[PDB]
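my_file22.csv follows (CSV, C-alpha atoms):
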```
chain,number,residue,atom,x,y,z
N,1,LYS,CA,-20.7,-8.2,53.8
N,2,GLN,CA,-23.6,-9.6,55.8
N,3,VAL,CA,-25.1,-12.6,57.5
N,4,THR,CA,-27.7,-10.1,58.8
N,5,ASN,CA,-27.7,-9.6,62.5
N,6,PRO,CA,-31.1,-10.4,64.0
N,7,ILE,CA,-32.4,-7.7,66.3
N,8,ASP,CA,-34.3,-9.6,68.9
N,9,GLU,CA,-36.0,-10.6,72.1
N,10,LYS,CA,-36.7,-8.2,74.9
N,11,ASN,CA,-33.4,-6.3,74.5
N,12,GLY,CA,-34.2,-4.7,71.2
N,13,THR,CA,-30.4,-5.0,70.5
N,14,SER,CA,-29.1,-6.7,67.4
N,15,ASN,CA,-26.9,-9.7,68.3
N,16,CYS,CA,-23.6,-9.3,66.5
N,17,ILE,CA,-21.5,-12.2,67.6
N,18,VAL,CA,-21.3,-15.1,65.1
N,19,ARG,CA,-19.5,-18.4,65.3
N,20,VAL,CA,-17.5,-19.2,62.1
N,21,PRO,CA,-15.8,-22.4,61.2
N,22,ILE,CA,-12.9,-22.0,58.8
N,23,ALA,CA,-10.2,-24.1,57.4
N,24,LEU,CA,-6.9,-22.5,56.6
N,25,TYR,CA,-3.6,-23.2,54.8
N,26,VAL,CA,-0.9,-21.7,56.9
N,27,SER,CA,2.8,-21.0,56.5
N,28,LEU,CA,4.2,-22.9,59.4
N,29,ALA,CA,7.5,-21.7,60.8
N,30,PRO,CA,10.6,-24.1,60.8
N,31,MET,CA,10.9,-23.4,64.5
N,32,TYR,CA,7.4,-25.0,65.1
N,33,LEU,CA,7.8,-28.3,63.3
N,34,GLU,CA,7.1,-31.4,65.5
N,35,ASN,CA,4.6,-29.0,67.2
N,36,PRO,CA,2.6,-27.0,64.6
N,37,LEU,CA,-0.3,-26.6,66.9
N,38,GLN,CA,1.6,-24.0,68.9
N,39,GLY,CA,2.9,-22.7,65.7
N,40,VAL,CA,-0.5,-22.0,64.0
N,41,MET,CA,-1.5,-20.0,67.1
N,42,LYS,CA,1.3,-17.5,66.2
N,43,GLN,CA,-0.8,-17.1,63.0
N,44,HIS,CA,-4.0,-17.0,65.1
N,45,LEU,CA,-3.4,-15.5,68.5
N,46,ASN,CA,-2.3,-11.9,68.9
N,47,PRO,CA,-2.4,-11.8,65.1
N,48,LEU,CA,-6.1,-11.9,65.1
N,49,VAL,CA,-7.6,-11.7,68.5
N,50,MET,CA,-9.3,-8.4,69.3
N,51,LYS,CA,-8.2,-7.2,65.8
N,52,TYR,CA,-10.7,-6.7,63.0
N,53,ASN,CA,-10.3,-8.9,59.9
N,54,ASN,CA,-11.7,-8.5,56.4
N,55,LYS,CA,-12.1,-12.0,55.1
N,56,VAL,CA,-14.6,-12.6,57.9
N,57,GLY,CA,-15.5,-9.0,58.2
N,58,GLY,CA,-15.5,-8.6,62.0
N,59,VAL,CA,-13.5,-8.6,65.2
N,60,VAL,CA,-12.1,-12.0,65.9
N,61,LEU,CA,-12.9,-12.4,69.6
N,62,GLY,CA,-11.1,-15.7,69.8
N,63,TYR,CA,-10.9,-19.1,68.2
N,64,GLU,CA,-12.0,-22.5,69.5
N,65,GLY,CA,-11.1,-26.1,68.6
N,66,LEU,CA,-7.9,-25.6,66.5
N,67,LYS,CA,-7.3,-28.9,64.8
N,68,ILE,CA,-4.0,-29.1,63.0
N,69,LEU,CA,-4.7,-32.7,62.3
N,70,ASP,CA,-5.8,-31.5,58.8
N,71,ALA,CA,-2.8,-33.3,57.6
N,72,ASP,CA,-1.9,-36.9,58.3
N,73,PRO,CA,-0.5,-39.7,56.1
N,74,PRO,CA,11.0,-30.9,55.6
N,75,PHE,CA,7.4,-29.5,55.2
N,76,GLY,CA,7.0,-25.7,55.2
N,77,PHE,CA,3.1,-25.5,55.1
N,78,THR,CA,0.0,-27.2,56.6
N,79,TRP,CA,-3.8,-27.3,56.7
N,80,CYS,CA,-5.7,-26.7,59.9
N,81,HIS,CA,-9.3,-26.2,61.0
N,82,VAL,CA,-10.7,-23.8,63.6
N,83,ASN,CA,-13.9,-22.0,64.7
N,84,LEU,CA,-13.6,-18.3,65.1
N,85,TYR,CA,-16.0,-16.1,67.1
N,86,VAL,CA,-16.6,-12.8,65.4
N,87,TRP,CA,-18.0,-9.4,66.6
N,88,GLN,CA,-19.6,-8.5,63.3
N,89,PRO,CA,-21.5,-5.2,63.6
N,90,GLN,CA,-23.0,-4.0,60.3
N,91,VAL,CA,-24.7,-0.8,59.2
N,92,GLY,CA,-28.2,-0.5,60.5
N,93,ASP,CA,-27.6,-2.6,63.6
N,94,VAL,CA,-29.0,-1.5,67.0
N,95,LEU,CA,-26.3,-1.6,69.6
N,96,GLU,CA,-25.9,-0.3,73.1
N,97,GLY,CA,-22.9,1.3,74.8
N,98,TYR,CA,-21.5,2.9,78.0
N,99,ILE,CA,-20.8,6.6,78.0
N,100,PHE,CA,-17.0,6.9,77.9
N,101,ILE,CA,-15.8,10.4,76.9
N,102,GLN,CA,-18.4,13.1,76.3
N,103,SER,CA,-17.7,16.5,74.8
N,104,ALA,CA,-19.8,19.2,73.1
N,105,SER,CA,-19.8,18.0,69.6
N,106,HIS,CA,-19.4,14.1,69.6
N,107,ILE,CA,-20.3,11.8,72.4
N,108,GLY,CA,-18.2,8.6,72.9
N,109,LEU,CA,-19.3,5.1,73.8
N,110,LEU,CA,-17.7,1.8,74.6
N,111,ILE,CA,-19.8,-1.2,73.5
N,112,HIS,CA,-19.4,-4.2,75.8
N,113,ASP,CA,-16.9,-1.9,77.5
N,114,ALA,CA,-14.4,-2.5,74.8
N,115,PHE,CA,-15.3,-1.2,71.3
N,116,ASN,CA,-15.0,2.4,70.2
N,117,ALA,CA,-18.4,3.9,69.5
N,118,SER,CA,-19.1,7.6,68.8
N,119,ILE,CA,-22.1,9.7,67.7
N,120,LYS,CA,-21.4,13.0,66.0
N,121,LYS,CA,-23.1,16.2,67.3
N,122,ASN,CA,-25.3,16.1,64.1
N,123,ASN,CA,-26.8,12.8,65.3
N,124,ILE,CA,-27.5,14.0,68.8
N,125,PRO,CA,-31.2,14.7,69.9
N,126,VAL,CA,-30.9,18.5,69.4
N,127,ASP,CA,-33.0,19.2,72.4
N,128,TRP,CA,-30.2,17.8,74.4
N,129,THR,CA,-28.1,20.5,76.1
N,130,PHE,CA,-24.4,20.5,76.8
N,131,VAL,CA,-23.3,22.2,80.0
N,132,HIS,CA,-19.7,22.8,81.1
N,133,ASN,CA,-18.6,22.6,84.7
N,134,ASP,CA,-15.9,22.7,87.5
N,135,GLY,CA,-13.4,21.8,84.8
N,136,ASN,CA,-13.1,24.6,82.3
N,137,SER,CA,-13.3,20.4,81.9
N,138,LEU,CA,-16.4,18.7,83.4
N,139,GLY,CA,-18.8,19.2,80.4
N,140,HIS,CA,-21.6,16.6,80.5
N,141,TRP,CA,-24.6,16.6,78.1
N,142,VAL,CA,-28.0,16.7,79.8
N,143,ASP,CA,-31.2,16.0,77.8
N,144,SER,CA,-34.2,18.3,77.3
N,145,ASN,CA,-36.0,17.5,80.5
N,146,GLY,CA,-32.6,17.4,82.3
N,147,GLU,CA,-31.0,14.2,83.7
N,148,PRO,CA,-27.3,14.0,82.9
N,149,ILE,CA,-26.8,11.4,80.1
N,150,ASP,CA,-27.8,8.1,81.7
N,151,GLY,CA,-24.7,5.8,81.5
N,152,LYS,CA,-25.6,3.2,78.8
N,153,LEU,CA,-26.9,4.5,75.4
N,154,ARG,CA,-29.1,3.0,72.7
N,155,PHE,CA,-28.2,3.9,69.1
N,156,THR,CA,-28.2,2.6,65.5
N,157,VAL,CA,-25.0,1.8,63.6
N,158,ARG,CA,-24.5,4.1,60.7
N,159,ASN,CA,-21.1,3.0,59.8
N,160,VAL,CA,-18.2,0.7,60.9
N,161,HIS,CA,-14.8,2.2,60.4
N,162,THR,CA,-12.2,-0.5,59.7
N,163,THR,CA,-8.7,1.0,59.7
N,164,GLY,CA,-5.3,-0.2,61.1
N,165,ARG,CA,-6.0,0.0,64.8
N,166,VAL,CA,-9.1,-0.4,66.9
N,167,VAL,CA,-12.2,-0.7,64.8
N,168,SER,CA,-14.6,2.2,65.4
N,169,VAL,CA,-18.4,2.3,65.3
N,170,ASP,CA,-20.1,5.5,64.1
N,171,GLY,CA,-23.6,5.6,65.5
N,172,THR,CA,-26.6,7.9,65.7
N,173,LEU,CA,-29.2,8.6,68.4
N,174,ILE,CA,-31.5,9.9,65.5
L,1,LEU,CA,4.8,-11.0,56.4
L,2,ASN,CA,4.6,-11.9,52.7
L,3,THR,CA,2.9,-15.3,52.8
L,4,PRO,CA,-0.8,-14.7,53.2
L,5,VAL,CA,-2.9,-17.5,54.6
L,6,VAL,CA,-5.9,-18.8,52.8
L,7,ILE,CA,-9.2,-19.0,54.7
L,8,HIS,CA,-12.2,-21.2,53.7
L,9,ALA,CA,-15.6,-21.3,55.4
L,10,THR,CA,-16.5,-24.9,56.1
L,11,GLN,CA,-19.9,-23.8,57.4
L,12,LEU,CA,-22.1,-20.8,57.1
L,13,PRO,CA,-21.8,-18.4,60.1
L,14,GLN,CA,-24.0,-19.2,63.1
L,15,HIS,CA,-25.2,-16.6,65.6
L,16,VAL,CA,-24.3,-17.7,69.1
L,17,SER,CA,-26.5,-17.0,72.1
L,18,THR,CA,-25.5,-14.6,74.8
L,19,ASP,CA,-25.1,-17.7,77.1
L,20,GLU,CA,-22.8,-19.4,74.6
L,21,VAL,CA,-20.5,-16.4,74.1
L,22,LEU,CA,-20.4,-16.2,77.9
L,23,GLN,CA,-19.1,-19.8,78.1
L,24,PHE,CA,-16.8,-19.4,75.1
L,25,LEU,CA,-15.0,-16.5,76.7
L,26,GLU,CA,-14.6,-18.3,80.1
L,27,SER,CA,-12.9,-21.1,78.3
L,28,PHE,CA,-10.9,-19.0,75.9
L,29,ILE,CA,-9.5,-16.6,78.4
L,30,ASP,CA,-8.7,-19.3,80.9
L,31,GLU,CA,-7.0,-21.3,78.2
L,32,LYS,CA,-5.0,-18.4,76.8
L,33,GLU,CA,-4.2,-16.9,80.2
L,34,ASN,CA,-2.9,-20.3,81.4
L,35,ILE,CA,0.9,-20.6,82.0
L,36,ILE,CA,2.8,-22.4,79.2
L,37,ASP,CA,1.9,-18.9,77.9
L,38,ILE,CA,2.3,-16.4,75.1
L,39,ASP,CA,2.2,-12.8,76.0
L,40,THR,CA,2.8,-10.9,72.7
L,41,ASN,CA,0.3,-8.3,73.5
L,42,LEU,CA,-2.3,-11.0,73.8
L,43,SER,CA,-2.0,-10.1,77.4
L,44,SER,CA,-3.8,-6.8,76.7
L,45,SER,CA,-6.2,-8.4,74.2
L,46,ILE,CA,-7.3,-10.8,76.9
L,47,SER,CA,-7.6,-7.9,79.3
L,48,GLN,CA,-10.1,-6.5,76.8
L,49,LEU,CA,-12.1,-9.7,76.4
L,50,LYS,CA,-12.3,-9.8,80.3
L,51,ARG,CA,-14.0,-6.5,79.9
L,52,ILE,CA,-16.3,-8.0,77.4
L,53,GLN,CA,-17.1,-11.0,79.5
L,54,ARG,CA,-18.1,-8.8,82.4
L,55,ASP,CA,-20.5,-6.8,80.3
L,56,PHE,CA,-22.2,-9.9,79.1
L,57,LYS,CA,-22.4,-11.5,82.6
L,58,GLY,CA,-24.5,-8.4,83.4
L,59,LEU,CA,-26.8,-8.5,80.3
L,60,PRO,CA,-30.4,-9.5,81.0
L,61,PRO,CA,-31.5,-13.3,80.9
```
Is it possible to express this structure as structure tokens?
Amino acid sequence: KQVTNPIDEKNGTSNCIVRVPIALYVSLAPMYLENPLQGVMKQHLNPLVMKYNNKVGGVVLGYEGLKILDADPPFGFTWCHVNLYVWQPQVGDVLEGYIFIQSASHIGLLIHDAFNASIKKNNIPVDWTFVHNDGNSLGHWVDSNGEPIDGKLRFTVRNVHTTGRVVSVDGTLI
Amino acid sequence: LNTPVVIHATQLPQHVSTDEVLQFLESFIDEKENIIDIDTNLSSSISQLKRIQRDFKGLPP
């Protein structure tokens, strides 16, 4: 879904991080009674951090302001409130990424040096040439004129692949 | 797991500035990296975020 990401300023990049307050009803463990705060974070922490989620459709970079106090006049459950920060790239968005692993047919990028981005051969310039080297492999994709691929690449999101492990962006240099 | 948790938005999502994310991460990593800890592969997740914070600290204005 989409709170549309505004492409803006002098970076021509579309900001994708959004702050999202949410209130949740969590299944507190028995082990964490008398201290549910540390409990809910074993519902929040590893659980969600750096791992894509569907209800908020994005990577949960981290939460801020956990307030368990959402209950106050035994006890299995509890209400709590927190603010998540979410990497929420959506189709059409204009992102930027560092060149990670390039290979004839499919260049690979790392957005913010941590999210998997890849553009298929189809989506590459076509006047860009891929030369192999002292590897045989040190292959490295140089453009028409001839500078080996820059280092940081501009590209538009064509799809975001949510699936079990690391989320993966499928982009195009049109 | 078996007991799903219910999530409700209490506000509509807000885009945060590059300078906010930059301060959020500082505070979130430092908090979660602090002793009185919890590894559980959060140790690697944090390592990742540190990679993210560095990228942003380098972004323009």
I need the contact residues of chain N against chain L, so if you could list those with any atom within 7 Å, counting only C-alpha atoms, and return them as a PDB file with C-alpha atoms, in the coordinates of the input, that would help.
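Generated output (iface_23.pdb):
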```pdb
ATOM      1  CA  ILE N  17     -21.500 -12.200  67.600  1.00  0.00           C
ATOM      2  CA  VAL N  18     -21.300 -15.100  65.100  1.00  0.00           C
ATOM      3  CA  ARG N  19     -19.500 -18.400  65.300  1.00  0.00           C
ATOM      4  CA  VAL N  20     -17.500 -19.200  62.100  1.00  0.00           C
ATOM      5  CA  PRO N  21     -15.800 -22.400  61.200  1.00  0.00           C
ATOM      6  CA  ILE N  22     -12.900 -22.000  58.800  1.00  0.00           C
ATOM      7  CA  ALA N  23     -10.200 -24.100  57.400  1.00  0.00           C
ATOM      8  CA  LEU N  24      -6.900 -22.500  56.600  1.00  0.00           C
ATOM      9  CA  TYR N  25      -3.600 -23.200  54.800  1.00  0.00           C
ATOM     10  CA  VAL N  26      -0.900 -21.700  56.900  1.00  0.00           C
ATOM     11  CA  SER N  27       2.800 -21.000  56.500  1.00  0.00           C
ATOM     12  CA  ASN N  46      -2.300 -11.900  68.900  1.00  0.00           C
ATOM     13  CA  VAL N  49      -7.600 -11.700  68.500  1.00  0.00           C
ATOM     14  CA  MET N  50      -9.300  -8.400  69.300  1.00  0.00           C
ATOM     15  CA  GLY N  62     -11.100 -15.700  69.800  1.00  0.00           C
ATOM     16  CA  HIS N 112     -19.400  -4.200  75.800  1.00  0.00           C
ATOM     17  CA  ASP N 113     -16.900  -1.900  77.500  1.00  0.00           C
ATOM     18  CA  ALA N 114     -14.400  -2.500  74.800  1.00  0.00           C
TER      19      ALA N 114
END
```
Exercise: region 39-42 of chain N partners within 10 Å, all atoms listed in the file, chain neighbours under 2 positions left out, as a ChimeraX atom specification: /N:24-37,44-48,63,66-68,78-80 /L:38,40
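One distance worth recording is that between CA of residue 9 (chain N) and CA of residue 172 (chain N), which is 21.7 Å.
All residues of protein, DNA or RNA that reach within 9 Å of residue 115 (chain N), judged by only C-alpha atoms and not counting those fewer than 5 positions away in the chain, are residues 97, 109, 110, 166, 167, 168 and 169 of chain N.
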Box time for region 93-105 of chain N: axis-aligned, enclosing all its listed atoms, 5 Å extra on each side; report centre and edge lengths in Å to one decimal, as AutoDock Vina command-line options.
```
--center_x -22.4 --center_y 8.3 --center_z 70.8 --size_x 23.2 --size_y 31.8 --size_z 24.4
```
Region 54-56 of chain N environment, 8 Å, only C-alpha atoms, sequence neighbours closer than 2 positions dropped, as a ChimeraX atom specification: /N:52,58,86 /L:7
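Coordinates place CA of residue 95 (chain N) at a distance of 23.3 Å from CA of residue 130 (chain N).
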For CA of residue 158 (chain N) and CA of residue 91 (chain N), the interatomic separation in Å (one decimal): 5.1 Å
